[PDB]
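Here's structure32.tsv, which has TSV, C-alpha atoms and all ligand atoms:
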```tsv
chain	number	residue	atom	x	y	z
A	1	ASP	CA	104.32	44.61	65.26
A	2	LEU	CA	103.75	48.36	65.56
A	3	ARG	CA	100.31	49.00	67.08
A	4	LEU	CA	97.89	51.72	65.96
A	5	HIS	CA	96.93	54.55	68.30
A	6	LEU	CA	94.50	57.14	66.98
A	7	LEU	CA	95.13	60.60	68.37
A	8	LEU	CA	93.27	61.38	71.58
A	9	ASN	CA	92.93	64.95	70.31
A	10	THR	CA	90.44	64.13	67.58
A	11	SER	CA	90.61	67.71	66.23
A	12	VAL	CA	93.96	66.75	64.66
A	13	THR	CA	92.75	64.95	61.57
A	14	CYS	CA	93.58	63.39	58.24
A	15	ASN	CA	92.31	65.10	55.08
A	16	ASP	CA	88.74	63.85	55.46
A	17	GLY	CA	88.32	64.71	59.16
A	18	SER	CA	88.99	61.21	60.48
A	19	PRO	CA	91.48	61.16	63.37
A	20	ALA	CA	95.15	61.00	62.56
A	21	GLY	CA	97.34	58.60	64.47
A	22	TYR	CA	100.57	56.67	64.82
A	23	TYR	CA	101.84	53.11	65.12
A	24	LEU	CA	104.04	52.41	68.13
A	25	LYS	CA	106.36	49.64	69.27
A	26	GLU	CA	107.85	50.45	72.65
A	27	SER	CA	111.25	49.21	73.79
A	28	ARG	CA	111.19	49.23	77.59
A	29	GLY	CA	114.89	49.65	78.24
A	30	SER	CA	115.57	52.20	75.52
A	31	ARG	CA	115.90	55.98	75.72
A	32	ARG	CA	116.08	56.27	71.91
A	33	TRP	CA	112.98	57.18	69.92
A	34	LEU	CA	112.58	56.92	66.15
A	35	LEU	CA	109.59	58.77	64.67
A	36	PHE	CA	109.19	58.02	60.96
A	37	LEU	CA	107.15	60.17	58.55
A	38	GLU	CA	105.58	58.26	55.67
A	39	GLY	CA	105.65	59.80	52.19
A	40	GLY	CA	103.46	59.65	49.12
A	41	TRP	CA	103.33	62.83	47.00
A	42	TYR	CA	100.67	65.48	47.84
A	43	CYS	CA	97.62	67.21	46.40
A	44	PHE	CA	97.07	70.91	45.92
A	45	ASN	CA	93.55	71.78	44.73
A	46	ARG	CA	90.01	70.47	45.10
A	47	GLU	CA	90.10	68.52	41.84
A	48	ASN	CA	93.38	66.67	42.34
A	49	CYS	CA	92.66	66.01	46.03
A	50	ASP	CA	89.27	64.55	45.03
A	51	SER	CA	91.05	62.20	42.62
A	52	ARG	CA	93.52	61.19	45.33
A	53	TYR	CA	90.55	60.50	47.61
A	54	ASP	CA	89.14	58.01	45.09
A	55	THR	CA	92.22	55.87	44.54
A	56	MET	CA	94.70	56.74	47.35
A	57	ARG	CA	92.29	57.04	50.25
A	58	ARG	CA	94.62	55.58	52.88
A	59	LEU	CA	96.77	58.69	52.28
A	60	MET	CA	93.77	60.90	53.11
A	61	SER	CA	91.90	59.05	55.86
A	62	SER	CA	92.38	56.71	58.81
A	63	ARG	CA	89.03	54.96	58.32
A	64	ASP	CA	90.60	51.89	56.69
A	65	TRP	CA	93.89	51.69	58.59
A	66	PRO	CA	94.87	48.28	59.98
A	67	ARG	CA	95.38	47.69	63.69
A	68	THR	CA	99.07	46.87	63.22
A	69	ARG	CA	101.94	47.32	60.78
A	70	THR	CA	105.20	45.42	60.43
A	71	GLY	CA	108.34	47.49	60.90
A	72	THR	CA	110.79	47.16	58.01
A	73	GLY	CA	114.27	48.55	57.43
A	74	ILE	CA	115.14	51.17	60.04
A	75	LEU	CA	111.77	50.33	61.65
A	76	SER	CA	112.67	46.65	62.09
A	77	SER	CA	113.29	45.37	65.62
A	78	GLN	CA	115.64	42.64	64.40
A	79	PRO	CA	119.38	43.42	64.46
A	80	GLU	CA	119.87	41.32	61.32
A	81	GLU	CA	117.61	43.69	59.35
A	82	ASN	CA	118.39	46.88	61.29
A	83	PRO	CA	121.98	47.07	62.54
A	84	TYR	CA	121.46	50.71	63.51
A	85	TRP	CA	118.59	51.19	65.98
A	86	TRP	CA	116.86	47.80	66.29
A	87	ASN	CA	116.27	48.28	70.04
A	88	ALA	CA	114.82	51.80	69.83
A	89	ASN	CA	111.25	52.78	70.53
A	90	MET	CA	109.72	52.95	67.06
A	91	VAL	CA	106.89	55.13	65.74
A	92	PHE	CA	105.46	55.10	62.21
A	93	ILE	CA	103.32	58.17	61.51
A	94	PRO	CA	101.01	57.55	58.52
A	95	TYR	CA	100.88	60.32	55.95
A	96	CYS	CA	97.21	61.27	55.69
A	97	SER	CA	97.45	65.04	55.16
A	98	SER	CA	98.67	65.28	51.51
A	99	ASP	CA	100.60	68.45	52.39
A	100	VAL	CA	104.28	67.38	52.65
A	101	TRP	CA	103.72	67.51	56.44
A	102	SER	CA	103.37	71.31	56.28
A	103	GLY	CA	99.67	72.03	56.81
A	104	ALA	CA	97.88	73.75	59.67
A	105	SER	CA	94.27	74.06	58.47
A	106	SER	CA	91.05	72.31	59.52
A	107	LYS	CA	88.13	71.02	57.51
A	108	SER	CA	85.39	73.66	57.86
A	109	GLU	CA	82.59	75.40	55.98
A	110	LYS	CA	85.27	76.96	53.74
A	111	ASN	CA	87.60	73.92	53.47
A	112	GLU	CA	86.58	70.57	51.98
A	113	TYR	CA	89.75	68.93	53.34
A	114	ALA	CA	91.91	69.40	56.40
A	115	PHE	CA	95.66	69.81	55.88
A	116	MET	CA	97.17	69.22	59.31
A	117	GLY	CA	100.56	67.59	58.69
A	118	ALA	CA	102.56	69.97	60.86
A	119	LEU	CA	100.02	69.66	63.68
A	120	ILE	CA	99.87	65.87	63.40
A	121	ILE	CA	103.61	65.70	64.15
A	122	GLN	CA	103.24	68.06	67.11
A	123	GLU	CA	100.30	66.10	68.53
A	124	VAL	CA	102.06	62.75	68.12
A	125	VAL	CA	105.07	64.10	70.02
A	126	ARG	CA	102.84	65.49	72.77
A	127	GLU	CA	100.90	62.24	73.24
A	128	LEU	CA	104.09	60.14	73.20
A	129	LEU	CA	105.54	62.09	76.14
A	130	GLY	CA	103.06	60.30	78.40
A	131	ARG	CA	104.08	56.93	76.90
A	132	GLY	CA	107.79	57.15	77.72
A	133	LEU	CA	109.11	59.86	75.38
A	134	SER	CA	109.50	62.06	78.48
A	135	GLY	CA	112.46	59.85	79.40
A	136	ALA	CA	114.15	60.02	76.00
A	137	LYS	CA	117.79	60.93	75.34
A	138	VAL	CA	117.47	61.13	71.53
A	139	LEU	CA	114.46	61.65	69.27
A	140	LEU	CA	115.32	60.93	65.62
A	141	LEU	CA	112.66	62.34	63.29
A	142	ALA	CA	113.05	60.35	60.07
A	143	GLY	CA	111.03	60.16	56.88
A	144	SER	CA	111.08	59.07	53.25
A	145	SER	CA	109.98	60.97	50.09
A	146	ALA	CA	107.42	63.60	51.16
A	147	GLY	CA	108.20	62.42	54.70
A	148	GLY	CA	111.86	63.25	54.12
A	149	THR	CA	110.96	66.78	53.09
A	150	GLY	CA	108.65	66.73	56.13
A	151	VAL	CA	111.69	66.10	58.36
A	152	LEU	CA	113.38	69.21	56.98
A	153	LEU	CA	110.20	71.25	57.53
A	154	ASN	CA	109.49	70.01	61.05
A	155	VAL	CA	112.64	68.86	62.89
A	156	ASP	CA	113.39	72.27	64.42
A	157	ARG	CA	109.74	72.73	65.39
A	158	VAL	CA	109.85	69.43	67.30
A	159	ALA	CA	113.01	70.66	69.05
A	160	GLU	CA	111.33	73.96	69.93
A	161	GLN	CA	108.18	72.18	71.13
A	162	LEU	CA	110.10	69.91	73.50
A	163	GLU	CA	112.12	72.85	74.83
A	164	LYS	CA	108.94	74.82	75.53
A	165	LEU	CA	107.30	71.76	77.14
A	166	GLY	CA	110.22	71.53	79.57
A	167	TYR	CA	112.26	68.67	78.04
A	168	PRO	CA	115.52	70.39	77.04
A	169	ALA	CA	117.56	67.20	77.51
A	170	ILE	CA	115.93	65.32	74.61
A	171	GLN	CA	118.31	65.62	71.66
A	172	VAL	CA	116.24	66.10	68.49
A	173	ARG	CA	117.84	65.04	65.18
A	174	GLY	CA	116.58	64.54	61.64
A	175	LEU	CA	117.02	61.84	59.00
A	176	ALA	CA	115.68	62.99	55.62
A	177	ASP	CA	115.49	60.21	53.01
A	178	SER	CA	114.62	60.96	49.37
A	179	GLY	CA	113.24	64.40	50.22
A	180	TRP	CA	116.10	66.54	48.85
A	181	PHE	CA	114.85	67.90	45.52
A	182	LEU	CA	116.14	70.43	43.00
A	183	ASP	CA	114.05	73.24	41.52
A	184	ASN	CA	115.86	72.71	38.22
A	185	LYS	CA	114.84	73.06	34.58
A	186	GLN	CA	112.76	70.18	33.27
A	187	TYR	CA	114.14	68.04	30.44
A	188	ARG	CA	110.91	68.80	28.55
A	189	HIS	CA	108.15	71.17	29.62
A	190	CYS	CA	104.16	69.18	37.22
A	191	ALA	CA	106.90	71.72	37.83
A	192	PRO	CA	107.49	71.32	41.59
A	193	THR	CA	107.73	75.04	42.35
A	194	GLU	CA	104.30	76.04	41.05
A	195	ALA	CA	102.38	73.15	42.63
A	196	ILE	CA	103.98	73.76	46.04
A	197	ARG	CA	103.28	77.48	45.69
A	198	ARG	CA	99.61	76.58	45.15
A	199	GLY	CA	99.66	73.93	47.88
A	200	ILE	CA	101.01	76.26	50.58
A	201	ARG	CA	98.00	78.55	50.16
A	202	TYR	CA	95.55	75.65	49.87
A	203	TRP	CA	96.97	73.92	52.96
A	204	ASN	CA	97.89	76.94	55.07
A	205	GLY	CA	101.37	75.43	54.89
A	206	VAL	CA	104.02	76.43	57.39
A	207	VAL	CA	107.80	76.38	57.02
A	208	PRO	CA	110.68	76.72	59.51
A	209	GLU	CA	110.96	80.19	60.99
A	210	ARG	CA	114.48	81.14	59.89
A	211	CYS	CA	113.81	79.97	56.35
A	212	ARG	CA	110.49	81.85	56.37
A	213	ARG	CA	112.28	85.04	57.45
A	214	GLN	CA	114.82	84.71	54.63
A	215	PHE	CA	112.37	84.15	51.79
A	216	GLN	CA	109.36	86.08	53.20
A	217	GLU	CA	105.71	86.22	52.15
A	218	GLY	CA	104.85	84.61	48.84
A	219	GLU	CA	108.23	82.86	48.61
A	220	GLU	CA	107.96	80.21	51.33
A	221	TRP	CA	107.81	77.50	48.66
A	222	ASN	CA	111.62	77.89	48.59
A	223	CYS	CA	111.77	76.21	52.00
A	224	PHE	CA	110.48	72.92	50.54
A	225	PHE	CA	113.80	72.55	48.70
A	226	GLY	CA	116.40	70.89	50.90
A	227	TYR	CA	119.46	72.82	49.74
A	228	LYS	CA	117.69	76.09	50.67
A	229	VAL	CA	116.08	75.05	53.96
A	230	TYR	CA	118.90	72.87	55.33
A	231	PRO	CA	121.37	75.75	56.01
A	232	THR	CA	118.72	77.46	58.14
A	233	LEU	CA	118.22	74.48	60.48
A	234	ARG	CA	119.76	74.08	63.92
A	235	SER	CA	119.05	70.41	64.62
A	236	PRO	CA	121.56	67.87	63.23
A	237	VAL	CA	120.14	66.40	60.01
A	238	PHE	CA	121.49	63.39	58.10
A	239	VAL	CA	120.55	63.60	54.40
A	240	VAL	CA	120.00	60.40	52.39
A	241	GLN	CA	119.44	61.02	48.68
A	242	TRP	CA	119.88	58.94	45.56
A	243	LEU	CA	121.77	61.06	43.06
A	244	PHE	CA	119.29	60.08	40.32
A	245	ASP	CA	116.08	59.98	42.29
A	246	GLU	CA	113.12	58.61	40.35
A	247	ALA	CA	110.74	61.25	41.72
A	248	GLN	CA	113.18	64.01	40.70
A	249	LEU	CA	113.37	62.56	37.21
A	250	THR	CA	109.57	62.32	37.07
A	251	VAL	CA	109.04	65.98	37.92
A	252	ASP	CA	111.78	66.74	35.37
A	253	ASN	CA	109.76	64.92	32.67
A	254	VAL	CA	112.41	62.23	32.15
A	255	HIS	CA	111.19	58.74	31.26
A	256	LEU	CA	113.83	56.17	30.37
A	257	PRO	CA	118.87	54.24	23.97
A	258	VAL	CA	119.83	57.53	25.64
A	259	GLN	CA	121.01	60.22	23.25
A	260	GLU	CA	123.38	63.11	23.93
A	261	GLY	CA	120.89	65.69	25.23
A	262	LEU	CA	119.36	63.35	27.79
A	263	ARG	CA	122.77	61.92	28.71
A	264	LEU	CA	124.06	65.41	29.49
A	265	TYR	CA	120.83	66.22	31.35
A	266	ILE	CA	121.15	63.17	33.61
A	267	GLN	CA	124.86	63.71	34.25
A	268	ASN	CA	124.26	67.36	35.08
A	269	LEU	CA	121.48	66.38	37.50
A	270	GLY	CA	123.86	64.09	39.39
A	271	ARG	CA	126.54	66.78	39.39
A	272	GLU	CA	124.10	69.38	40.73
A	273	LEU	CA	122.83	67.07	43.47
A	274	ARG	CA	126.39	66.25	44.49
A	275	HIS	CA	127.21	69.98	44.56
A	276	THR	CA	124.30	70.70	46.93
A	277	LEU	CA	125.61	68.04	49.34
A	278	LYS	CA	129.24	69.27	49.34
A	279	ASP	CA	128.79	71.09	52.68
A	280	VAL	CA	126.32	68.64	54.22
A	281	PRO	CA	128.59	66.79	56.67
A	282	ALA	CA	126.21	63.86	57.35
A	283	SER	CA	124.95	62.51	54.04
A	284	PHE	CA	124.62	59.29	52.06
A	285	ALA	CA	124.13	59.78	48.32
A	286	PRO	CA	124.68	56.77	46.03
A	287	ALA	CA	124.80	57.06	42.24
A	288	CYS	CA	121.62	55.04	41.61
A	289	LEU	CA	118.28	55.47	39.88
A	290	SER	CA	115.88	54.64	42.73
A	291	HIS	CA	113.55	56.20	45.31
A	292	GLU	CA	113.51	55.80	49.13
A	293	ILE	CA	115.80	53.58	51.18
A	294	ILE	CA	115.41	53.63	54.95
A	295	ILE	CA	112.28	51.44	55.39
A	296	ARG	CA	113.24	48.96	52.67
A	297	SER	CA	114.04	45.50	53.99
A	298	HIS	CA	117.31	45.36	52.01
A	299	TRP	CA	118.40	48.87	52.99
A	300	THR	CA	121.63	47.42	54.42
A	301	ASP	CA	122.87	46.36	50.97
A	302	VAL	CA	123.84	49.66	49.35
A	303	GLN	CA	127.28	51.07	50.13
A	304	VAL	CA	129.16	54.23	49.21
A	305	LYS	CA	132.96	53.93	49.32
A	306	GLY	CA	132.48	50.56	51.05
A	307	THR	CA	130.30	51.94	53.88
A	308	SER	CA	126.63	51.02	54.31
A	309	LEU	CA	123.90	53.39	55.44
A	310	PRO	CA	123.39	51.70	58.85
A	311	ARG	CA	127.13	52.07	59.42
A	312	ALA	CA	127.10	55.74	58.38
A	313	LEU	CA	124.19	56.39	60.75
A	314	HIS	CA	126.11	54.66	63.56
A	315	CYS	CA	129.14	56.84	62.77
A	316	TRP	CA	126.83	59.87	62.88
A	317	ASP	CA	125.68	58.81	66.35
A	318	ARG	CA	129.33	58.57	67.42
A	319	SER	CA	130.13	61.98	65.96
A	320	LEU	CA	127.32	63.51	68.05
A	321	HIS	CA	128.56	62.12	71.38
A	322	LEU	CA	136.47	59.22	63.28
A	323	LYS	CA	138.98	56.70	61.94
A	324	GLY	CA	137.21	54.35	59.53
A	325	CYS	CA	133.74	55.61	60.55
A	326	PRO	CA	132.70	58.14	57.90
A	327	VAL	CA	129.52	60.19	57.83
A	328	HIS	CA	129.87	62.11	54.54
A	329	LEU	CA	129.37	59.58	51.75
A	330	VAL	CA	128.58	61.01	48.31
A	331	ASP	CA	129.28	59.04	45.14
A	332	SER	CA	131.36	60.79	42.49
A	333	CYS	CA	130.74	58.49	39.55
A	334	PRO	CA	128.47	60.16	36.99
A	335	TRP	CA	125.85	57.63	35.77
A	336	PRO	CA	123.12	55.58	37.48
A	337	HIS	CA	124.37	52.16	38.61
A	338	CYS	CA	128.04	53.16	38.36
A	339	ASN	CA	127.95	52.05	42.01
A	340	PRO	CA	127.71	48.22	41.86
A	341	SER	CA	125.71	48.08	45.12
A	342	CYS	CA	122.72	49.93	43.63
A	343	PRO	CA	119.32	48.24	44.04
A	344	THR	CA	118.45	45.82	41.25
A	345	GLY	CA	114.71	46.45	41.05
A	401	LIG	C1	94.05	69.77	69.97
A	401	LIG	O1	94.77	70.21	68.81
A	401	LIG	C2	94.51	71.57	68.42
A	401	LIG	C3	95.29	71.82	67.16
A	401	LIG	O2	96.63	71.36	67.27
A	401	LIG	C4	94.89	72.51	69.56
A	401	LIG	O3	94.53	73.85	69.21
A	401	LIG	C5	94.18	72.11	70.85
A	401	LIG	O4	94.67	72.91	71.92
A	401	LIG	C6	94.43	70.64	71.16
A	401	LIG	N1	93.69	70.25	72.35
A	401	LIG	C7	94.07	69.25	73.16
A	401	LIG	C8	93.18	68.98	74.34
A	401	LIG	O5	95.08	68.58	72.93
```

Since I need it in another form, could you write the structure as structure tokens?
Amino acid sequence: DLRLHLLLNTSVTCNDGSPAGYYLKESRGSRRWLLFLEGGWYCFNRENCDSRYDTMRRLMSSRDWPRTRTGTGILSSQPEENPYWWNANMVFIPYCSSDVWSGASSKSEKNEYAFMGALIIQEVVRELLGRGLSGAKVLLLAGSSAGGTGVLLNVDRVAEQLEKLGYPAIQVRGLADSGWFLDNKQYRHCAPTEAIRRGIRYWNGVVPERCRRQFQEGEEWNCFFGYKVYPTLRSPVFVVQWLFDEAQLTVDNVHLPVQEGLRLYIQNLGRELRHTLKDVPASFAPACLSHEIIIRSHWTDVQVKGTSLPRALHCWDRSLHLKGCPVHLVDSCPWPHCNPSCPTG
């Protein structure tokens, strides 16, 4: 029930030069806009991007995209499935740039692929202004997995873009789901830091300005790590992160009778994640082994300290205008599924 619109600026493209785009469901009465960034890993050289083109082509091209998509989870229009923002204008932005939403480079005689993630977001925002976004009160930039990291990389740029376009009244906020990773030691010895270092050069990747100025040339990969980029951001950002995220465990070379070394490794991972969220006032971090939450149909089921994620997001909304309406919800129990509300699989 979200309808595809390919970008009118056809110079803003997916990896293979096909036009990027977005799926839109408008809500006539609403001044709330939800723009969701899809995830799905990334690629960082010719060889691994070629492989992704063979077997994950929808993440590199719009040529085979369907005319519509069904909104699920926070993108559902039904209050039963989406207690939070069911009546909002909803936008799903397909991830077709393979660059963690950071790229600003075109396909050309020197570049086999285009990496335009950061420009896709900017162009979607610009084209939506003529479709009602100009009347918005709140724009929530949300995303899962690589899209969650994309929120952290792009939320302040969206805020700056709207300010420079003359829309200072639109309140830009971020919701980063499953995009808060640790550059930790692997359990056995890709290492995230090196691949992102390579990707930034391959993509012409861009990072938020204040973070860029802290880490400087050659070190901008640091800004892909939530606990380092988050303190530099000005827009309000709600962080959703499983304490034992499956993608984190994968990059850590953990594949699950757990003996002492792996037990301590997993417990330390949860402790470190919890530590990085200590001073993140709006966060939801259950002690579960899983990946992504906000566009899952059963996203309402998980609770931390008896509070669901849709409730926490509602409390966040109220805090940005609380007795029994918390926004900082981080599990303290130390092993996956010590929270009984964890997804079953
Ligand atoms: C199209 O997008 C490119 C890259 O973002 C930009 O340089 C150009 O000005 C845009 N043109 C139009 C007409 O939107």

Spatial neighbours of region 300-303 of chain A, 8 Å, only C-alpha atoms, chain gap at least 5 places, as a PyMOL selection string: chain A and resi 81-82+286+308-310+341-343

Please extract the residues at most 10 Å from ligand LIG 401 (chain A), counting all atoms listed in the file, and provide them as an MDAnalysis selection string, using the chain letters and residue numbers of this document. chainID A and resid 7:13 104:106 116 118:123 126:127

Contacts of region 245-255 of chain A within 7 Å, all atoms listed in the file, excl. fewer than 5 positions in-chain, as a PyMOL selection string: chain A and resi 181+186-188+190-192+289-291

My list of candidates is A:258, A:284, A:194, A:337. Which is closest to residue 315 (chain A) when distances are computed with only C-alpha atoms?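 Of the candidates, the smallest distance to residue 315 (chain A) is held by A:284.
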
Give me, as a tab-separated table, each residue of region 226-275 of chain A that comes within 12 Å of region 129-140 of chain A, together with its shortest interatomic pair and the distance in Å at one decimal, counting all atoms listed in the file, with rows ordered by chain and rising residue number.
```
residue	atom	partner	partner_atom	distance
A:235	CA	A:140	CA	10.2
A:236	CA	A:140	CA	9.6
A:237	CA	A:140	CA	9.2
A:238	CA	A:140	CA	10.0
```

Please provide as a PDB file with C-alpha atoms, keeping the file's coordinate frame all residues within 9 Å of residue 67 (chain A), with the sequence filter that same-chain residues fewer than 6 positions apart are discarded (counting all atoms listed in the file).
```
ATOM      1  CA  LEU A   2     103.750  48.360  65.560  1.00  0.00           C
ATOM      2  CA  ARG A   3     100.310  49.000  67.080  1.00  0.00           C
ATOM      3  CA  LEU A   4      97.890  51.720  65.960  1.00  0.00           C
ATOM      4  CA  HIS A   5      96.930  54.550  68.300  1.00  0.00           C
ATOM      5  CA  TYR A  23     101.840  53.110  65.120  1.00  0.00           C
TER       6      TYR A  23
END
```

Which centre and which edge lengths, in Å to one decimal, describe the axis-aligned box that holds all listed atoms of region 88-103 of chain A after 5 Å is added on each side, as lines of an AutoDock Vina configuration file?
```
center_x = 106.0
center_y = 61.9
center_z = 61.0
size_x = 27.6
size_y = 30.2
size_z = 29.0
```

Residue 113 (chain A) environment, 12 Å, all atoms listed in the file, sequence neighbours closer than 4 positions dropped, as a compact mmCIF listing (two decimals) with C-alpha atoms, keeping the file's coordinate frame:
```
# COMPACT_ATOMS: atom_id res chain seq x y z
CA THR A 13 92.75 64.95 61.57
CA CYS A 14 93.58 63.39 58.24
CA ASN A 15 92.31 65.10 55.08
CA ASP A 16 88.74 63.85 55.46
CA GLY A 17 88.32 64.71 59.16
CA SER A 18 88.99 61.21 60.48
CA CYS A 43 97.62 67.21 46.40
CA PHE A 44 97.07 70.91 45.92
CA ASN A 45 93.55 71.78 44.73
CA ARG A 46 90.01 70.47 45.10
CA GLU A 47 90.10 68.52 41.84
CA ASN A 48 93.38 66.67 42.34
CA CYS A 49 92.66 66.01 46.03
CA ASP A 50 89.27 64.55 45.03
CA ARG A 52 93.52 61.19 45.33
CA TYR A 53 90.55 60.50 47.61
CA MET A 60 93.77 60.90 53.11
CA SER A 61 91.90 59.05 55.86
CA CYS A 96 97.21 61.27 55.69
CA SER A 97 97.45 65.04 55.16
CA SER A 98 98.67 65.28 51.51
CA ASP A 99 100.60 68.45 52.39
CA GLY A 103 99.67 72.03 56.81
CA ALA A 104 97.88 73.75 59.67
CA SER A 105 94.27 74.06 58.47
CA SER A 106 91.05 72.31 59.52
CA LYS A 107 88.13 71.02 57.51
CA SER A 108 85.39 73.66 57.86
CA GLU A 109 82.59 75.40 55.98
CA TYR A 202 95.55 75.65 49.87
CA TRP A 203 96.97 73.92 52.96
CA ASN A 204 97.89 76.94 55.07
```

Quick one: pull the distance between CA of residue 102 (chain A) and CA of residue 154 (chain A), Å, one decimal.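 Answer for the CA of residue 102 (chain A) to CA of residue 154 (chain A) separation: 7.9 Å.
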
How many Å separate CA of residue 325 (chain A) from CA of residue 294 (chain A)?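 Those two atoms sit 19.3 Å apart.
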
Rounded to one decimal place, report the CA of residue 339 (chain A)-CA of residue 38 (chain A) distance in Å. 26.9 Å

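Distances from A:206, A:331, A:217, A:169 to residue 242 (chain A) were compared using all atoms listed in the file, and the smallest one belongs to A:331.
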
For residue 176 (chain A), please output as a PyMOL selection string all residues within 9 Å (counting all atoms listed in the file; exclusion window: fewer than 5 positions along the same chain). chain A and resi 141-145+147-152+237-241

Take the residues from that selection and write them out as a PDB file, in the frame of the given file, keeping C-alpha atoms.
```
ATOM      1  CA  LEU A 141     112.660  62.340  63.290  1.00  0.00           C
ATOM      2  CA  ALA A 142     113.050  60.350  60.070  1.00  0.00           C
ATOM      3  CA  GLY A 143     111.030  60.160  56.880  1.00  0.00           C
ATOM      4  CA  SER A 144     111.080  59.070  53.250  1.00  0.00           C
ATOM      5  CA  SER A 145     109.980  60.970  50.090  1.00  0.00           C
ATOM      6  CA  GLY A 147     108.200  62.420  54.700  1.00  0.00           C
ATOM      7  CA  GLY A 148     111.860  63.250  54.120  1.00  0.00           C
ATOM      8  CA  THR A 149     110.960  66.780  53.090  1.00  0.00           C
ATOM      9  CA  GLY A 150     108.650  66.730  56.130  1.00  0.00           C
ATOM     10  CA  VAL A 151     111.690  66.100  58.360  1.00  0.00           C
ATOM     11  CA  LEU A 152     113.380  69.210  56.980  1.00  0.00           C
ATOM     12  CA  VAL A 237     120.140  66.400  60.010  1.00  0.00           C
ATOM     13  CA  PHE A 238     121.490  63.390  58.100  1.00  0.00           C
ATOM     14  CA  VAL A 239     120.550  63.600  54.400  1.00  0.00           C
ATOM     15  CA  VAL A 240     120.000  60.400  52.390  1.00  0.00           C
ATOM     16  CA  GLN A 241     119.440  61.020  48.680  1.00  0.00           C
TER      17      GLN A 241
END
```

Using only C-alpha atoms, pick whichever of A:29, A:298, A:195, A:256 has the shortest atom-to-atom distance to residue 72 (chain A).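 Closest residue, counting only C-alpha atoms: A:298.
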
Output as a Markdown table one row per residue of region 310-338 of chain A within 12 Å of region 260-278 of chain A: the closest atom pair and its distance in Å to one decimal place, counting all atoms listed in the file, sorted by chain and residue number ascending.
```
| residue | atom | partner | partner_atom | distance |
| --- | --- | --- | --- | --- |
| A:328 | CA | A:278 | CA | 8.9 |
| A:329 | CA | A:277 | CA | 9.6 |
| A:330 | CA | A:274 | CA | 6.8 |
| A:331 | CA | A:274 | CA | 7.8 |
| A:332 | CA | A:274 | CA | 7.6 |
| A:333 | CA | A:270 | CA | 8.9 |
| A:334 | CA | A:267 | CA | 5.8 |
| A:335 | CA | A:267 | CA | 6.3 |
| A:336 | CA | A:266 | CA | 8.7 |
| A:337 | CA | A:270 | CA | 12.0 |
| A:338 | CA | A:270 | CA | 11.7 |
```

Compare A:101, A:215, A:86, A:22 by their minimum atom-to-atom distance to residue 114 (chain A), counting all atoms listed in the file, and give me the closest one. A:101

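Considering all atoms listed in the file, the residue among A:24, A:37, A:211, A:229 positioned nearest to residue 178 (chain A) is A:37.
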